[PDB]
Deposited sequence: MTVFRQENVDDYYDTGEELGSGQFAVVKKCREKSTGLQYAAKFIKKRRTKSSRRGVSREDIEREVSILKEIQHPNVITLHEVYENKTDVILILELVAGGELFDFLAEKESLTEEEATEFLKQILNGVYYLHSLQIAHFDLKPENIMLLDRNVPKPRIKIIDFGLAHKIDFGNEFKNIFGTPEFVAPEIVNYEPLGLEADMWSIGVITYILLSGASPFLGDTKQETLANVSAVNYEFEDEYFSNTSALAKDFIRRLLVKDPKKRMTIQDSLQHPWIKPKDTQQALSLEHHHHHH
């Protein structure tokens, strides 16, 4: 599938950089014809078949195909896609209130603050899972706020670079996500489904309530070994005034067997969440 091959600079002006990774950079931008503002994600293309630099066209097309399907308050909206010899450029909804990763460093959250964020994450994931889309990269870096200067900020899941359609209940591919947040089946290179996202939600919830990462080791290999062994505990110093029901919610997500883990619907009916 081909994208718009006019020069993006003829239609947009770019500004502040919003983020930067191994194969992508995201810049704030403004569409010349409308004055509306967006985030432009420049993805470096692979230059040869057998290369390890850049992103394969199959991977780029999968991300675009998923973004084109989704429209929900808690996920980004794709506006346009351009390309040239070097890059695919996704023009995405601008979310300018900063990361969930940065806003937490300003403050642990109370259970009310945590559940206000968490309920929005669960709503966005409920939408994705209803469409059989696994995100495969849920972590604070990928959760951003629309406006951080309000008491209950609204959030959006802002990237879909590892997301996959799960039309057979599982997909058998390597997911090189962040060790602290990936489920045991990712660590063990097993078939992957929607359940992997629910594990990641459990990790996010643990961090929201405590400020501490449940599986983090001193090296990536230690973190991955901790995940596979489900080597985590609730430290009293961090959880002494956290409710038992909040711990129960986490405990039912950080479950090695994906079939025994809470689903997204289970998580919305769990007594900590259900109104």
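Stretches of the deposited sequence left without coordinates are 1, 109, 278-293, in sequence order.
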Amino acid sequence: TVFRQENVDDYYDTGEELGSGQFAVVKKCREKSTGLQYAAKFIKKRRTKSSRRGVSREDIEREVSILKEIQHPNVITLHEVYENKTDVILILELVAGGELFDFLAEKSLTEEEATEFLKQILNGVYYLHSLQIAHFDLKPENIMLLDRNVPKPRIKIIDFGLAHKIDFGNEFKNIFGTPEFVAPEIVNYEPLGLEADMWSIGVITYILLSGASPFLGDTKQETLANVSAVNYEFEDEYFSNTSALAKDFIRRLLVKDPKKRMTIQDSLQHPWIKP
From here on, numbers count along this sequence of modelled residues.
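Heads up, when I say rigid core I mean the largest set of C-alphas that superpose within 1.5 Å between the two forms.
Per-stretch RMS Cα distance to the displayed form in 8 other deposited structures of this protein, following rigid core alignment, is highest for 34-42 when 202-210 and 34-42 are compared.
Annotation: of the segments 63-71 and 44-52, 44-52 departs further from this form in 8 other deposited structures of this protein (C-alpha atoms, root mean square over structures and residues, core superposition). Comparing 91-99 with 131-139, the stretch with the higher mean C-alpha B-factor in the PDB entry is 91-99. Averaged over CA atoms, B-factors in the entry run higher in 237-245 than in the other of 223-231 and 237-245. For the set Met198, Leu145, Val182, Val81, the maximum C-alpha B-factor listed in the entry falls on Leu145. Per the PDB record, residue ranking by Cα B-factor puts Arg4 in the middle third of the chain. The PDB entry assigns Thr14 a C-alpha temperature factor belonging to the middle third of its chain's modelled residues.
Annotation for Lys260: CA B-factor lies in the middle third of the chain's modelled residues. Remark: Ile186 belongs to the lowest third of its chain, ranked by C-alpha B-factor as recorded. Split the chain's modelled residues into thirds by C-alpha temperature factor. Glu63 is in the lowest one.
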